[PDB]
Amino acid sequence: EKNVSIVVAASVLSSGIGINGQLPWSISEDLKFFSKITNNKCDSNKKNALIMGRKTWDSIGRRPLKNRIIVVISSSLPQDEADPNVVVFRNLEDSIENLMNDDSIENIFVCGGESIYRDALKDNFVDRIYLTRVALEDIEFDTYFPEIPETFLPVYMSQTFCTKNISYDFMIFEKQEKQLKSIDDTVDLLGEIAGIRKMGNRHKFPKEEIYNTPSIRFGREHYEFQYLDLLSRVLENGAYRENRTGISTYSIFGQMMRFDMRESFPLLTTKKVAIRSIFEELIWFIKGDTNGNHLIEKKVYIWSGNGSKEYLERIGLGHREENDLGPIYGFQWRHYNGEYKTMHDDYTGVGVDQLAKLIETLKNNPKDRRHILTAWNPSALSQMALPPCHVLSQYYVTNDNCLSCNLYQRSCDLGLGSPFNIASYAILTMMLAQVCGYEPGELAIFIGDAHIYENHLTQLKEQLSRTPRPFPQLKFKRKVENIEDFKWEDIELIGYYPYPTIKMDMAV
């Protein structure tokens, strides 16, 4: 008995691990990771053994690895003797015996060639798989990682990283075989006694059947889990409620989500997200625009319904022309407190420009604590087609000169709105970072009424059955001078490989 682990790097969609006797890419961090995992051991007078196939041997210059013993599988290679850090076997099965003996061998790693992976998995020799998911998928491959067998379950998944615009995961799987007992025994007995009265009961852990990729118990580091686990928590504990819209929701109050923005862009991968619409709705905010026709003109219908004659009629704004949403987001951002008459009037100079003051303060007085944008105007709400959901947002220049964002959101709808805000404020923050001279840092979203519309239950349950994939990267093709000059065309999505788009109808 001694541990056997595969170590592989494979393309996210098709497990492409090689082309023309070489890799499909060069990613140093991955070689570094390979170096750390294969070198790692306790008793420092033993060596780990790296098993590989002759073509892979061939592939790295037949040049030995520091501090490790290579084991080449070949029919032809002479079992040499020049070198003791490189040994040769005629088949994979006998190459083990590694186990039995060489007590000078702590761990065994299967380092691949397809033919070798395929044999290790078929003859059931491997216990763990360390898999580096690489997000590049329209390139030639002639070598694949075989399908992970059912006996294996994912138990870790890291955040997404970036190298020269390529996103990658790493990820661990364990061959399955079948804190205190006291602390949990206590917490449960107090839970039985107290019922609703113990706050832990009001915040129950989600059940396996509604928790995305359940085997991943202690390694939920991919920040997309921050979104999916939120979904589970409400699936789990949400109270059923009626609301102004016909359609009722499951709801809980006071939640939060966090996303890295240094290494990747947080566009959900568990459903294809309408990034264009998101972007297009953002510059419309930025420009201070409240004319819904401008979005519709670019073929973005997200605000259609809240600007229809009937909807505005139903809510007291029947005096408005179709699509005059009144002083909603964009207007409070550039014209805070301005007096709104119609989308046709000229507002240049009226009201506080928050957004301009934001940029000025952000470049001139970075460490100061007042970088705030707010849409919550008690005096305007009744003229808005909808009061805002994303209500207030605070911005933060780190000592190392990234820009982070906090968004307070009164009423994210988890199914539709939420994945939008995530992307939206990510971008707003990247935009502010170009314009002000910083790099993107972190995004934290604080939620008030976090809920799911009931007509989304099955759809979101579908989403919850899909294991997340590395986030993509998002780059600007040019440096702008004023932030209102950004255009869709400027924007580059690198490496977005989502699952099918999931249809969800918006409750009006």
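Residue numbers here begin at 1 and follow the sequence given.
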**OP:** Please count the deposited residues lying between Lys178 and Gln179 that the model leaves without coordinates, and give the class: none, 1 to 3, 4 to 9, or 10 or more.
**Re:** 10 or more
Original post:
Would 386-394 or 81-89 have the larger average of its C-alpha temperature factors, as given in the entry?
Top reply: 81-89
**OP:** Could you check the entry and say whether 157-165 or 221-229 has the higher mean CA B-factor?
**Re:** 157-165
**OP:** Just grab whichever of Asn406, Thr348, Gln255, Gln434 has the top CA B-factor as deposited.
**Re:** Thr348
Original post:
Taking the values straight from the PDB record, which of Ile452, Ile51, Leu443, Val480 has the highest C-alpha temperature factor?
Top reply: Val480
Subject >> Within-chain third of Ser26 by Cα B-factor, per the entry >> reply: middle
Original post:
With respect to C-alpha B-factor, does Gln354 fall in the lowest, middle or highest third of the chain as deposited?
Top reply: middle
Subject >> Chain third (lowest, middle, highest) by recorded CA B-factor, residue given as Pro214 >> reply: lowest
Original post:
Among the chain's modelled residues, which third holds the C-alpha B-factor of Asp123?
Top reply: highest
**OP:** Would you mind ranking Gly292 by its C-alpha B-factor against the rest of the chain and naming the third, lowest, middle or highest?
**Re:** middle
